[PDB]
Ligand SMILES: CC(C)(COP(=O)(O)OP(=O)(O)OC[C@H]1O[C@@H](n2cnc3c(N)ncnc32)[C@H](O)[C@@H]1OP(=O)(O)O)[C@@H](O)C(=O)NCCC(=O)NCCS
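Here we start with a single chain on its own, the form solved without ligand COA, put down as structure tokens.
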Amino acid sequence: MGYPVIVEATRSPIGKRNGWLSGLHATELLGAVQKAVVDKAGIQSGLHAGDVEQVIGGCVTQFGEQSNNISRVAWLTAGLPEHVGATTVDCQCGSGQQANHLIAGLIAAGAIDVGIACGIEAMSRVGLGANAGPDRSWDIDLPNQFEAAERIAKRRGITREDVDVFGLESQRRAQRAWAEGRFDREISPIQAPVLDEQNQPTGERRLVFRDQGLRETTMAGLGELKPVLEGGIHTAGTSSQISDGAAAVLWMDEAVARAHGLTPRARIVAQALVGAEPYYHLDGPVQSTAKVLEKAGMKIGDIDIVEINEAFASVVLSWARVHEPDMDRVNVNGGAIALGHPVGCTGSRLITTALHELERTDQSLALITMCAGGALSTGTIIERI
């Protein structure tokens, strides 16, 4: 029955831990962006939020503020129409991306005509590991994310100098894109309650629009940062930042889009959520890229733009030794090192970044790929329309 297309995509700016956005309840953050993508969309023709049929939102730590189907709770918090169905999903770091895969699915099945995929992570309000806790006081364990980043690094001959060159360029490329206002179209600025040094609301609610994570960065400077692991090569200036943010993409059946005055903007050429190798934990992008290129019938050379998530520099460097891409087409507006990584959101964020960059530069094809806790990886290939 259906053919899914993106008709609109938007994101909050990404705030730092305890930064510009720590004053929003996670449900508000998400809800705000849910309404923002519907509002952006509603301009060309009369689309209203009750035209939406289902919402599917990635979120990793589904505890407290982020428990109880946040995709549903945000929708309602934001005062949007209660008839609209909502599901929240978890496949760690890829949840945000997976949400788009799933919404596409539903349209393809002719189950819905209009859906919103989104993702959220208010890592200031609800932090990593808040969803377990008691846990104690053949058959072996996944490394933790910092151990994996070093394992991946040893596997590929990736050196401290290598990853510092990377983190520096991530910072540079983001600063340039900010300077040029390349983010301006994708960003819905957000009203946030301002907290103080004591963590209490002043009265003010600033209008946040800039990604908080940018920072003057130097080869010399990076240079003296401490590894996070004893004996490791990853520092803080070469691994993504903990952040707050939310993102949202609005999908339609192309014919319904076309019939009610909305312009289709992109389709999915191919999509995947694949397993990775437990030992390396986060090398998943090798696997997901391989699978979507394979399905698409394409080679890395056919892809104009790649968003691969800078969880850690080694991950990306490791994925580049395997698929041998042109580094000038990978993370062109910088990435998570510079801009931040609010885990549940990132996957919808990346799709959002890439679509706008294909639109800005008038190019055709983008690859989106992320590694993910529990040794998963998500990949997508989108084609501009």
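Note that residue numbering follows the sequence shown and begins at 1.
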*Check the residues of the deposited sequence separating residue 137 from residue 138 and report how many of them have no coordinates, as none, 1 to 3, 4 to 9, or 10 or more.*
4 to 9
*For the higher mean C-alpha B factor in the entry, choose 187-195 or 95-103.*
187-195
_Segment of higher mean CA temperature factor, 41-49 or 331-339_ = 41-49
_Out of 311, 268, 74, 219, highest CA B-factor residue_ = 219
*If you check the C-alpha B-factor for each of 111, 306, 130, 249 in the entry, which is highest?*
130
*Third of the chain's Cα B-factor distribution that residue 64 belongs to, per the entry*: highest
_Split into thirds by Cα B-factor across the chain's modelled residues, where does residue 2 land: lowest, middle or highest?_
highest
_Splitting the chain's C-alpha B-factors into thirds, which one does residue 11 fall into?_
lowest
*How does residue 253 rank on Cα B-factor within its chain, lowest, middle or highest third?*
middle
*Hey, what third does residue 143 fall into on Cα B-factor, ranked over its chain?*
highest
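The discussion below concerns the form solved in complex with ligand COA, not included here.
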*asked:* Residues 38, 99 and 109 are flagged as a possible site; in the deposited bound form, is every one of them within 4.5 Å of ligand COA by some non-hydrogen atom?
replied: no
*Which one, 352-360, 337-345, 320-328, 42-50, holds residues whose non-hydrogen atoms are within 4.5 Å of ligand COA in the deposited bound form?*
337-345
*asked:* So, residue 282 and ligand COA: in the deposited bound form, are they within 4.5 Å at any heavy atom pair?
replied: yes
*Check whether residue 241 has any heavy atom within 4.5 Å of a heavy atom of ligand COA in the deposited bound form, and answer yes or no.*
yes
*in the deposited bound form, residue 225 touching ligand COA (heavy atom, 4.5 Å)*: yes
*Does the 4.5 Å heavy atom contact test between residue 178 and ligand COA in the deposited bound form come out positive?*
no
*Only one of 76, 207, 259, 236 has a non-hydrogen atom within 4.5 angstroms of ligand COA in the deposited bound form; which is it?*
236
*Heavy atom within 4.5 Å of ligand COA in the deposited bound form: which of 185, 155, 215, 295?*
215
